[PDB]
Amino acid sequence: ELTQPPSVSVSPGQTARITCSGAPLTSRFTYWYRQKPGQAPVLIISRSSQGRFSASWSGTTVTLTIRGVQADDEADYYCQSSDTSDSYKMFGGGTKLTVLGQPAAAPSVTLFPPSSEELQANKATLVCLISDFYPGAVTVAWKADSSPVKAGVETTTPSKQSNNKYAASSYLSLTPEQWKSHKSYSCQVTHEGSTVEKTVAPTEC
Amino acid sequence: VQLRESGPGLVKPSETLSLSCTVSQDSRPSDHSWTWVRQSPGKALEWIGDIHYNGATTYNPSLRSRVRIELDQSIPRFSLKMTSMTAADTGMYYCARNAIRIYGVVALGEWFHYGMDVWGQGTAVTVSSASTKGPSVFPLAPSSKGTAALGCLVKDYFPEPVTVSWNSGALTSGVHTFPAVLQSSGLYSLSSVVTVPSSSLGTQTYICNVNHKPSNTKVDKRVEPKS
(Lines give C-alpha, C1' and ligand atoms only; values in the text may rest on other atoms or scores of the structure.)
Protein backbone atom coordinates (compact mmCIF):
# COMPACT_ATOMS: atom_id res chain seq x y z
CA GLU A 1 0.00 0.00 0.00
CA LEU A 2 0.88 3.64 -0.50
CA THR A 3 0.61 6.01 2.46
CA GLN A 4 0.05 9.78 2.33
CA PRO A 5 -0.52 12.32 5.10
CA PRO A 6 -4.27 12.90 5.46
CA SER A 7 -3.93 16.69 5.46
CA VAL A 8 -1.46 19.44 4.53
CA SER A 9 -2.13 23.12 5.29
CA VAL A 10 -0.17 26.01 3.75
CA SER A 11 -0.61 29.77 3.33
CA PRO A 12 -0.87 31.47 -0.08
CA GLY A 13 2.37 31.80 -2.01
CA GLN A 14 4.06 29.13 0.05
CA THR A 15 5.35 25.84 -1.29
CA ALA A 16 3.44 22.71 -0.31
CA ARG A 17 5.01 19.27 -0.08
CA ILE A 18 2.92 16.08 -0.11
CA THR A 19 4.61 12.72 0.41
CA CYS A 20 3.73 9.26 -0.89
CA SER A 21 5.44 6.30 0.81
CA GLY A 22 5.49 2.58 0.09
CA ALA A 23 7.56 -0.46 -0.78
CA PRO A 24 6.73 -0.28 -4.54
CA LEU A 25 8.19 3.20 -4.80
CA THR A 26 11.81 2.05 -4.73
CA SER A 27 11.39 0.58 -8.21
CA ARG A 28 8.03 1.76 -9.66
CA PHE A 29 7.15 5.25 -10.89
CA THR A 30 4.74 7.37 -8.83
CA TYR A 31 2.02 9.28 -10.70
CA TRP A 32 0.04 12.10 -9.14
CA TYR A 33 -3.56 13.27 -9.50
CA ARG A 34 -5.62 16.16 -8.14
CA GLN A 35 -9.37 15.84 -7.51
CA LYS A 36 -11.63 18.69 -6.52
CA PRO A 37 -14.99 18.00 -4.86
CA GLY A 38 -17.60 16.97 -7.39
CA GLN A 39 -15.03 16.42 -10.16
CA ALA A 40 -13.08 13.63 -11.78
CA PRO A 41 -9.34 13.36 -11.09
CA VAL A 42 -6.77 15.22 -13.17
CA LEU A 43 -3.26 13.94 -13.88
CA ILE A 44 -0.67 16.39 -12.58
CA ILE A 45 2.55 14.33 -12.61
CA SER A 46 3.10 12.08 -15.62
CA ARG A 47 6.06 9.99 -16.73
CA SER A 48 7.15 11.82 -19.87
CA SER A 49 10.19 9.74 -20.88
CA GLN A 50 12.12 6.61 -19.91
CA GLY A 51 4.84 24.30 -14.28
CA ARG A 52 4.17 24.71 -10.56
CA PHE A 53 4.05 20.94 -9.91
CA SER A 54 7.04 18.66 -9.67
CA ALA A 55 7.94 15.41 -7.96
CA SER A 56 11.17 14.05 -6.53
CA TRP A 57 12.11 10.44 -5.72
CA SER A 58 13.96 9.26 -2.61
CA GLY A 59 13.89 5.56 -1.78
CA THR A 60 10.43 4.53 -0.63
CA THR A 61 9.10 8.11 -0.76
CA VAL A 62 8.13 10.44 -3.61
CA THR A 63 7.45 14.09 -2.73
CA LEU A 64 5.07 16.24 -4.73
CA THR A 65 6.02 19.90 -4.59
CA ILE A 66 3.47 22.61 -5.43
CA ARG A 67 5.10 26.04 -5.82
CA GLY A 68 3.21 29.29 -5.41
CA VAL A 69 0.17 27.70 -3.78
CA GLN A 70 -3.08 29.61 -4.19
CA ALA A 71 -6.65 29.02 -3.09
CA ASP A 72 -7.53 27.30 -6.39
CA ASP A 73 -5.08 24.53 -5.44
CA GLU A 74 -7.34 23.28 -2.64
CA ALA A 75 -8.13 19.70 -3.64
CA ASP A 76 -7.43 16.11 -2.72
CA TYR A 77 -4.11 14.86 -4.08
CA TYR A 78 -3.49 11.16 -4.80
CA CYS A 79 -0.36 9.25 -5.62
CA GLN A 80 -0.50 6.09 -7.70
CA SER A 81 1.93 3.32 -8.60
CA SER A 82 2.18 -0.38 -9.40
CA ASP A 83 3.42 -3.13 -7.13
CA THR A 84 7.00 -4.39 -7.25
CA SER A 85 5.99 -7.65 -8.98
CA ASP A 86 4.11 -5.93 -11.85
CA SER A 87 0.79 -7.55 -10.87
CA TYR A 88 -1.52 -4.60 -10.10
CA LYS A 89 -1.76 -0.83 -9.66
CA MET A 90 -2.87 1.16 -6.62
CA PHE A 91 -3.64 4.62 -5.30
CA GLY A 92 -2.58 6.16 -2.02
CA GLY A 93 -5.18 7.29 0.50
CA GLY A 94 -5.16 10.92 -0.59
CA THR A 95 -4.05 14.20 1.01
CA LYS A 96 -6.46 17.09 1.46
CA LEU A 97 -4.64 20.38 0.79
CA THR A 98 -6.03 23.35 2.73
CA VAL A 99 -4.99 26.91 1.91
CA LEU A 100 -5.04 29.05 5.05
CA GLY A 101 -6.10 32.67 5.27
CA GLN A 102 -9.09 32.62 2.95
CA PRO A 103 -11.43 35.48 3.88
CA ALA A 104 -14.80 34.89 5.46
CA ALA A 105 -17.78 35.19 3.15
CA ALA A 106 -21.39 35.71 4.14
CA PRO A 107 -24.11 33.53 2.58
CA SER A 108 -26.41 34.58 -0.21
CA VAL A 109 -29.89 33.22 0.39
CA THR A 110 -32.72 32.75 -2.10
CA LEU A 111 -36.08 31.46 -0.85
CA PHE A 112 -38.75 30.18 -3.20
CA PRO A 113 -42.38 29.53 -2.21
CA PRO A 114 -44.30 26.49 -3.42
CA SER A 115 -45.20 26.54 -7.09
CA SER A 116 -48.85 26.61 -8.14
CA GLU A 117 -48.20 23.30 -9.89
CA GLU A 118 -46.95 21.61 -6.72
CA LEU A 119 -49.87 22.95 -4.67
CA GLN A 120 -52.28 21.48 -7.22
CA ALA A 121 -50.50 18.15 -6.65
CA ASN A 122 -51.40 18.50 -2.95
CA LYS A 123 -47.84 19.16 -1.78
CA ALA A 124 -45.92 22.26 -0.77
CA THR A 125 -42.16 22.76 -0.58
CA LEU A 126 -40.30 25.91 0.45
CA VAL A 127 -36.82 25.96 -1.08
CA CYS A 128 -34.03 27.87 0.70
CA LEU A 129 -30.85 27.97 -1.38
CA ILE A 130 -27.67 29.10 0.36
CA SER A 131 -24.47 29.91 -1.52
CA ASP A 132 -21.10 31.66 -1.52
CA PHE A 133 -20.28 31.27 2.19
CA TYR A 134 -16.93 30.59 3.85
CA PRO A 135 -15.95 28.76 6.02
CA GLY A 136 -18.23 25.88 5.19
CA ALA A 137 -20.58 25.82 8.17
CA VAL A 138 -24.08 27.30 8.49
CA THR A 139 -27.10 26.66 10.65
CA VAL A 140 -30.63 26.97 9.27
CA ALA A 141 -33.82 27.66 11.21
CA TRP A 142 -37.32 28.02 9.84
CA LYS A 143 -40.19 30.04 11.23
CA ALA A 144 -43.91 29.86 10.55
CA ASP A 145 -45.06 33.40 11.26
CA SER A 146 -42.71 34.04 14.24
CA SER A 147 -42.74 30.52 15.71
CA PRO A 148 -40.06 27.88 15.11
CA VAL A 149 -40.93 25.02 12.77
CA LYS A 150 -40.44 21.69 14.52
CA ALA A 151 -41.08 19.31 11.61
CA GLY A 152 -40.65 18.95 7.88
CA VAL A 153 -37.13 20.42 7.52
CA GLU A 154 -34.41 18.70 5.47
CA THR A 155 -31.04 20.48 5.18
CA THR A 156 -27.99 19.36 3.21
CA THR A 157 -24.42 19.29 4.40
CA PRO A 158 -22.39 22.17 2.92
CA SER A 159 -20.60 21.38 -0.32
CA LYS A 160 -17.56 23.11 -1.79
CA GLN A 161 -18.22 25.33 -4.82
CA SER A 162 -15.84 25.90 -7.72
CA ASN A 163 -14.89 29.30 -6.27
CA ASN A 164 -13.88 27.56 -3.00
CA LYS A 165 -16.92 28.93 -1.19
CA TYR A 166 -19.70 26.60 0.00
CA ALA A 167 -23.35 25.92 -0.77
CA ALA A 168 -26.23 24.21 1.02
CA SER A 169 -29.97 23.73 0.60
CA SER A 170 -32.80 23.58 3.10
CA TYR A 171 -36.30 22.41 2.28
CA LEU A 172 -39.47 22.80 4.33
CA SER A 173 -42.32 20.41 3.53
CA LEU A 174 -45.84 21.61 4.28
CA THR A 175 -49.33 20.68 3.32
CA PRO A 176 -51.04 23.23 1.07
CA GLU A 177 -53.40 24.00 3.96
CA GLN A 178 -50.44 24.75 6.24
CA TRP A 179 -48.86 26.99 3.60
CA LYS A 180 -52.09 28.97 3.25
CA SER A 181 -52.74 29.00 7.03
CA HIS A 182 -49.86 31.29 8.05
CA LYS A 183 -49.05 34.89 7.25
CA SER A 184 -45.48 34.07 6.24
CA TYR A 185 -42.63 31.60 6.47
CA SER A 186 -38.95 32.46 6.94
CA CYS A 187 -35.63 30.71 6.31
CA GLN A 188 -32.96 32.02 8.70
CA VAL A 189 -29.32 31.25 7.90
CA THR A 190 -26.70 31.85 10.58
CA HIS A 191 -23.01 31.98 9.70
CA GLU A 192 -20.15 33.26 11.85
CA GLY A 193 -22.57 34.71 14.40
CA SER A 194 -24.64 36.77 11.94
CA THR A 195 -27.92 35.84 10.30
CA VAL A 196 -29.64 36.40 6.94
CA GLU A 197 -33.42 35.88 7.00
CA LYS A 198 -35.64 35.58 3.93
CA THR A 199 -39.43 35.49 4.04
CA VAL A 200 -42.21 34.41 1.69
CA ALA A 201 -45.95 34.79 2.07
CA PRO A 202 -48.88 32.97 0.44
CA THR A 203 -50.81 36.17 -0.33
CA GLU A 204 -47.78 37.95 -1.82
CA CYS A 205 -46.48 37.93 -5.38
CA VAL B 1 -10.00 12.41 -26.45
CA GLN B 2 -13.21 11.79 -24.56
CA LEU B 3 -14.37 8.89 -22.38
CA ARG B 4 -18.05 8.41 -21.54
CA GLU B 5 -19.36 5.93 -18.98
CA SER B 6 -22.75 4.30 -19.14
CA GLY B 7 -24.22 2.36 -16.25
CA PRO B 8 -27.55 1.32 -14.72
CA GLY B 9 -27.54 3.71 -11.74
CA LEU B 10 -28.97 1.02 -9.48
CA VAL B 11 -27.97 -2.62 -8.89
CA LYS B 12 -29.87 -5.01 -6.65
CA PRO B 13 -27.87 -6.63 -3.84
CA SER B 14 -26.19 -9.88 -4.97
CA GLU B 15 -26.65 -9.00 -8.65
CA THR B 16 -24.00 -8.08 -11.23
CA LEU B 17 -22.98 -4.54 -12.13
CA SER B 18 -22.41 -3.93 -15.85
CA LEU B 19 -20.80 -0.66 -17.00
CA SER B 20 -19.32 0.49 -20.29
CA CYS B 21 -17.03 3.29 -21.42
CA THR B 22 -17.07 4.61 -24.99
CA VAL B 23 -13.82 6.14 -26.23
CA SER B 24 -13.93 8.89 -28.83
CA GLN B 25 -11.25 10.85 -30.67
CA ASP B 26 -8.34 8.61 -29.65
CA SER B 27 -6.19 7.95 -32.69
CA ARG B 28 -3.89 5.35 -31.12
CA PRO B 29 -6.23 3.47 -28.79
CA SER B 30 -4.40 0.16 -29.10
CA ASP B 31 -1.35 1.63 -27.31
CA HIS B 32 -3.06 2.27 -23.97
CA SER B 33 -4.34 0.54 -20.82
CA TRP B 34 -8.11 1.05 -20.56
CA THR B 35 -8.86 1.33 -16.86
CA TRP B 36 -11.66 1.24 -14.27
CA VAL B 37 -11.41 3.05 -10.92
CA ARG B 38 -14.04 3.60 -8.26
CA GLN B 39 -14.52 5.82 -5.22
CA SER B 40 -16.83 5.17 -2.28
CA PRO B 41 -18.38 8.36 -0.88
CA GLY B 42 -15.76 10.41 0.92
CA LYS B 43 -13.08 7.76 0.37
CA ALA B 44 -9.97 7.26 -1.75
CA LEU B 45 -9.78 6.28 -5.37
CA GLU B 46 -9.49 2.50 -5.82
CA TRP B 47 -8.06 0.91 -8.94
CA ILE B 48 -10.18 -1.96 -10.23
CA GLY B 49 -8.32 -3.19 -13.30
CA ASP B 50 -7.31 -2.57 -16.87
CA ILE B 51 -7.28 -4.11 -20.33
CA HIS B 52 -5.08 -3.83 -23.42
CA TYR B 53 -6.11 -4.35 -27.07
CA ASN B 54 -4.26 -7.66 -27.03
CA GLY B 55 -6.94 -8.66 -24.47
CA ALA B 56 -4.50 -8.86 -21.51
CA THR B 57 -6.15 -7.83 -18.26
CA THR B 58 -4.93 -7.06 -14.78
CA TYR B 59 -7.10 -6.69 -11.71
CA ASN B 60 -7.05 -5.48 -8.14
CA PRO B 61 -6.25 -8.62 -6.12
CA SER B 62 -8.99 -7.95 -3.59
CA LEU B 63 -11.60 -7.72 -6.38
CA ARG B 64 -10.22 -10.21 -8.93
CA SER B 65 -12.70 -13.01 -8.19
CA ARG B 66 -15.64 -10.67 -8.81
CA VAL B 67 -14.60 -8.57 -11.81
CA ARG B 68 -14.12 -8.87 -15.54
CA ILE B 69 -13.14 -6.21 -18.06
CA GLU B 70 -13.83 -6.65 -21.78
CA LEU B 71 -13.05 -4.60 -24.88
CA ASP B 72 -14.96 -4.16 -28.15
CA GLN B 73 -12.40 -2.67 -30.51
CA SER B 74 -14.99 -1.81 -33.17
CA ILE B 75 -16.38 1.18 -31.28
CA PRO B 76 -14.14 1.24 -29.24
CA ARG B 77 -15.82 0.58 -25.95
CA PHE B 78 -14.74 -1.33 -22.86
CA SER B 79 -16.76 -2.75 -20.03
CA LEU B 80 -16.71 -3.72 -16.38
CA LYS B 81 -18.73 -6.45 -14.73
CA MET B 82 -18.68 -6.92 -10.97
CA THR B 83 -20.60 -9.76 -9.37
CA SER B 84 -22.22 -10.06 -5.95
CA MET B 85 -22.81 -6.35 -5.48
CA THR B 86 -23.51 -4.98 -2.00
CA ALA B 87 -23.73 -1.57 -0.39
CA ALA B 88 -19.96 -1.83 0.12
CA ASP B 89 -19.68 -1.29 -3.66
CA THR B 90 -21.84 1.87 -3.83
CA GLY B 91 -19.90 4.80 -5.22
CA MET B 92 -18.65 6.60 -8.30
CA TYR B 93 -17.16 4.41 -11.06
CA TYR B 94 -14.75 6.08 -13.46
CA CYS B 95 -13.20 4.88 -16.68
CA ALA B 96 -9.79 6.25 -17.58
CA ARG B 97 -7.06 6.00 -20.18
CA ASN B 98 -3.80 4.90 -18.58
CA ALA B 99 -1.81 6.15 -21.56
CA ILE B 100 1.37 4.35 -22.66
CA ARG B 101 4.43 5.64 -24.47
CA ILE B 102 6.55 3.12 -26.40
CA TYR B 103 10.24 3.81 -26.92
CA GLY B 104 11.59 0.39 -27.98
CA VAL B 105 10.78 -3.29 -28.31
CA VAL B 106 7.48 -4.02 -26.58
CA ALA B 107 8.41 -7.63 -25.81
CA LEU B 108 11.51 -6.35 -23.93
CA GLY B 109 9.32 -4.04 -21.86
CA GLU B 110 10.54 -0.87 -23.59
CA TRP B 111 7.41 1.13 -22.85
CA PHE B 112 5.95 2.88 -19.84
CA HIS B 113 2.72 4.37 -18.58
CA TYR B 114 2.46 8.12 -19.06
CA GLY B 115 -0.38 8.27 -16.52
CA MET B 116 -4.17 8.16 -16.34
CA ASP B 117 -4.50 11.28 -18.43
CA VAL B 118 -8.11 11.15 -19.68
CA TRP B 119 -10.99 10.36 -17.33
CA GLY B 120 -14.69 9.92 -17.79
CA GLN B 121 -17.04 12.04 -15.73
CA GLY B 122 -17.97 8.99 -13.62
CA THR B 123 -21.16 6.98 -13.28
CA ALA B 124 -22.85 6.72 -9.88
CA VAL B 125 -23.69 3.20 -8.72
CA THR B 126 -26.11 2.61 -5.85
CA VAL B 127 -26.71 -0.91 -4.54
CA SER B 128 -30.19 -1.20 -3.07
CA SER B 129 -33.33 -3.31 -3.14
CA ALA B 130 -35.48 -0.20 -3.64
CA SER B 131 -37.15 0.55 -6.95
CA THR B 132 -35.97 3.20 -9.39
CA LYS B 133 -38.18 6.31 -9.40
CA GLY B 134 -38.05 9.21 -11.85
CA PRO B 135 -38.37 12.83 -10.72
CA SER B 136 -41.28 15.22 -10.64
CA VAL B 137 -40.15 18.64 -11.82
CA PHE B 138 -41.73 21.88 -10.68
CA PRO B 139 -40.88 25.40 -11.84
CA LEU B 140 -39.37 27.91 -9.42
CA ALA B 141 -40.74 31.07 -10.97
CA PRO B 142 -38.67 34.26 -10.94
CA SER B 143 -39.48 36.96 -8.46
CA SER B 144 -41.89 39.50 -9.92
CA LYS B 145 -40.03 42.30 -8.17
CA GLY B 146 -30.87 43.90 -12.67
CA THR B 147 -31.07 40.14 -12.19
CA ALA B 148 -33.65 37.51 -11.28
CA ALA B 149 -33.26 33.95 -10.03
CA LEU B 150 -35.47 31.24 -11.49
CA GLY B 151 -35.13 27.50 -11.34
CA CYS B 152 -36.47 23.99 -11.25
CA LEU B 153 -37.26 21.86 -8.23
CA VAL B 154 -36.50 18.25 -9.05
CA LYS B 155 -38.39 16.17 -6.49
CA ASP B 156 -38.59 12.62 -5.35
CA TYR B 157 -36.17 10.54 -7.45
CA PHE B 158 -33.99 7.53 -6.82
CA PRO B 159 -31.08 6.72 -7.22
CA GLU B 160 -28.71 9.54 -7.93
CA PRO B 161 -27.98 11.46 -10.02
CA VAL B 162 -30.03 13.85 -11.98
CA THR B 163 -28.23 16.19 -14.33
CA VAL B 164 -29.73 19.56 -15.23
CA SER B 165 -29.04 21.68 -18.27
CA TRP B 166 -30.83 24.87 -19.32
CA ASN B 167 -32.12 25.61 -22.82
CA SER B 168 -30.53 22.40 -24.09
CA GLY B 169 -27.08 23.55 -22.98
CA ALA B 170 -27.31 27.00 -24.57
CA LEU B 171 -27.57 28.64 -21.14
CA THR B 172 -24.61 28.01 -18.83
CA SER B 173 -23.78 31.41 -17.33
CA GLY B 174 -25.36 31.89 -13.92
CA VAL B 175 -26.44 28.25 -13.50
CA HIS B 176 -26.10 26.70 -10.03
CA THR B 177 -27.37 23.14 -9.53
CA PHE B 178 -27.30 22.31 -5.86
CA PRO B 179 -26.43 18.91 -4.39
CA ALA B 180 -29.44 16.81 -3.54
CA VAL B 181 -31.06 16.32 -0.16
CA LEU B 182 -31.91 12.77 0.91
CA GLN B 183 -35.42 12.54 2.35
CA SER B 184 -36.66 10.23 5.10
CA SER B 185 -38.57 8.38 2.33
CA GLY B 186 -35.23 7.47 0.78
CA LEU B 187 -35.84 9.64 -2.29
CA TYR B 188 -33.67 12.58 -3.32
CA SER B 189 -34.62 16.09 -4.34
CA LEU B 190 -32.49 18.93 -5.68
CA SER B 191 -32.87 22.40 -7.15
CA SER B 192 -31.19 24.07 -10.11
CA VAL B 193 -31.32 27.87 -10.30
CA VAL B 194 -30.15 30.29 -12.96
CA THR B 195 -29.61 34.01 -12.46
CA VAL B 196 -30.72 35.83 -15.60
CA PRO B 197 -31.21 39.44 -16.70
CA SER B 198 -34.63 40.69 -15.64
CA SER B 199 -35.13 42.23 -19.08
CA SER B 200 -35.11 38.72 -20.56
CA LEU B 201 -38.04 37.48 -18.49
CA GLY B 202 -40.52 38.76 -21.05
CA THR B 203 -38.53 37.75 -24.12
CA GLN B 204 -36.41 34.65 -23.40
CA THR B 205 -37.86 31.18 -22.85
CA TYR B 206 -36.25 29.19 -20.05
CA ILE B 207 -36.47 25.40 -19.96
CA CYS B 208 -34.68 23.14 -17.54
CA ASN B 209 -33.68 19.79 -19.01
CA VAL B 210 -33.64 17.25 -16.20
CA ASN B 211 -32.10 13.87 -17.09
CA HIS B 212 -32.54 10.86 -14.81
CA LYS B 213 -30.73 8.10 -16.66
CA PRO B 214 -31.49 5.40 -14.05
CA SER B 215 -35.21 5.65 -14.87
CA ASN B 216 -34.67 6.44 -18.57
CA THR B 217 -36.62 9.66 -17.99
CA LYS B 218 -35.89 13.20 -19.12
CA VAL B 219 -38.18 16.13 -18.30
CA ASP B 220 -37.94 19.49 -20.06
CA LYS B 221 -39.82 21.97 -17.87
CA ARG B 222 -40.71 25.47 -19.03
CA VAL B 223 -40.21 28.06 -16.27
CA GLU B 224 -42.40 31.10 -16.84
CA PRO B 225 -42.86 34.28 -14.82
CA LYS B 226 -45.58 34.20 -12.21
CA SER B 227 -49.10 34.95 -13.42
Side-chain angles (χ1 to χ4, degrees), chain A residues 31 33 35-36 38-43 46 80 89 91, chain B residues 1-3 5-11 15-39 45-60 63 66-83 85 89-100 102 113-120 122-127 132 134 159-165 168-170 172 177 209-212 214-218 220:
Chain A
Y31 305 87
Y33 305 84
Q35 188 185 30
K36 295 214 200 186
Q39 299 182 12
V42 176
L43 180 65
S46 64
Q80 181 255 302
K89 304 178 178 68
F91 292 91
Chain B
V1 182
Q2 301 178 260
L3 307 208
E5 293 144 54
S6 58
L10 180 62
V11 186
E15 299 198 359
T16 54
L17 174 67
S18 177
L19 301 183
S20 68
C21 180
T22 301
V23 180
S24 63
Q25 316 257 286
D26 194 332
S27 288
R28 313 199 205 176
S30 73
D31 284 358
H32 307 307
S33 294
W34 297 104
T35 178
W36 289 101
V37 175
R38 64 180 185 172
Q39 189 168 40
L45 299 168
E46 180 179 35
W47 183 82
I48 296 165
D50 58 31
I51 190 162
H52 205 268
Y53 266 53
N54 85 318
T57 54
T58 68
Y59 298 112
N60 178 323
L63 296 175
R66 286 214 283 149
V67 295
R68 185 187 343 225
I69 294 170
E70 296 171 302
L71 170 65
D72 176 352
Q73 300 179 17
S74 66
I75 301 178
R77 181 167 73 208
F78 61 109
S79 62
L80 176 66
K81 292 175 171 285
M82 180 179 293
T83 62
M85 292 293 284
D89 303 303
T90 289
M92 190 61 41
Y93 286 68
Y94 293 101
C95 56
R97 185 178 79 166
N98 198 357
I100 286 170
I102 305 161
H113 286 100
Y114 176 83
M116 296 176 208
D117 65 336
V118 186
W119 289 72
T123 187
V125 175
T126 298
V127 185
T132 302
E160 288 261 55
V162 296
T163 65
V164 186
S165 64
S168 294
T172 56
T177 300
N209 322 109
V210 178
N211 195 36
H212 188 239
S215 71
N216 299 98
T217 303
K218 178 186 268 65
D220 312 289

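Each chain gets a letter, A, B and so on, in the order its sequence line appears, and its residues count up from 1. No hydrogens, no waters, no symmetry mates; every other heavy atom, side chains included, goes into these values.
Between atom OG1 of residue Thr123(B) and atom CZ of residue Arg38(B) there is a gap of 14.0 Å, rounded to the nearest 0.5 Å. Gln39(B) contributes atom CD, which lies 13.5 Å from atom OG1 of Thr90(B) (distance to the nearest 0.5 angstrom). Here the straight-line distance linking atom CZ of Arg77(B) with atom CG of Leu3(B) works out to 14.0 Å at 0.5 Å rounding. The structure places CG of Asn209(B) at 5.0 Å from CG of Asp220(B), a figure rounded to the nearest 0.5 Å. To the nearest 0.5 angstrom, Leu71(B) atom CG is 5.0 Å from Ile51(B) atom CD1. How far CG of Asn54(B) is from OG of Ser30(B): 10.0 Å, rounded to the nearest 0.5 Å.
In this structure, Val23(B) and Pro76(B) have side chains that are in contact, with non-hydrogen atoms separated by less than 4.5 Å. Counting heavy atoms from C-beta outward, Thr132(B) and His212(B) have side chains that approach closer than 4.5 Å. Using a 4.5 Å heavy-atom threshold, the side chains of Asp89(B) and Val125(B) count as separate. At a threshold of 4.5 Å between non-hydrogen side-chain atoms, the residues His32(B) and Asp26(B) count as touching. Inter-residue side-chain proximity for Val37(B) and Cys95(B) is flagged as unmet; no heavy-atom pair is nearer than 4.5 Å.
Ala40(A) and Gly120(B) get closest at one heavy-atom pair: CB-O, 3.5 Å. Listed here is the closest heavy atom pair of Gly134(B) and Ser215(B): CA-OG, 3.4 Å. Scanning all heavy atoms of the two residues, the minimum distance from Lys81(B) to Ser18(B) falls at NZ-OG, 3.6 Å. Taking every heavy atom of both residues into account, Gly49(B) and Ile69(B) meet most closely at C-CD1, 3.4 Å. Closest heavy-atom contact between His113(B) and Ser33(B): NE2-OG, 2.9 Å. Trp47(B) approaches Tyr59(B) most closely through the heavy-atom pair CZ3-C, 3.4 Å.
At least one donor-acceptor pair under 3.5 Å links the side chain of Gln73(B) to the backbone N or O of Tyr53(B).
With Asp50(B) as reference, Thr58(B) is the one residue of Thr58(B), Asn98(B), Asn60(B) to meet the side chain to side chain donor-acceptor pair (under 3.5 Å) rule. With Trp36(B) as reference, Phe78(B) is the one residue of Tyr94(B), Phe78(B), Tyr93(B) to meet the ring-ring contact (aromatic ring centres under 6.0 Å, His included) rule.
Between the side chains of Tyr33(A) and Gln80(A), a donor-acceptor pair is found at a separation under 3.5 Å. Judged purely by distance below 3.5 Å, without hydrogens or angles, the side chains of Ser20(B) and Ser6(B) pair a donor atom with an acceptor atom.
Residues forming a side-chain hydrogen bond (donor to acceptor under 3.5 Å, both in side chains) with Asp117(B) (at least two apart in sequence, or on another chain): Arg97(B). Legend: residues meeting side-chain hydrogen bond (donor to acceptor under 3.5 Å, both in side chains) with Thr177(B), ordered by chain and number and at least two apart, are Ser192(B).
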- [ ] Could you please spell out the steps behind the side chain to side chain contact (heavy atoms under 4.5 Å, CB included) verdict for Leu45(B) and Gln35(A)?
- [x] CA-CA 10 Å; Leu45(B) 299 168; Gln35(A) 188 185 30; 4.2 Å; yes
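By the 6.0 Å contact criterion, CZ on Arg66(B) is enclosed, its count of non-hydrogen atoms from other residues, nucleotides or ligands being greater than 12.
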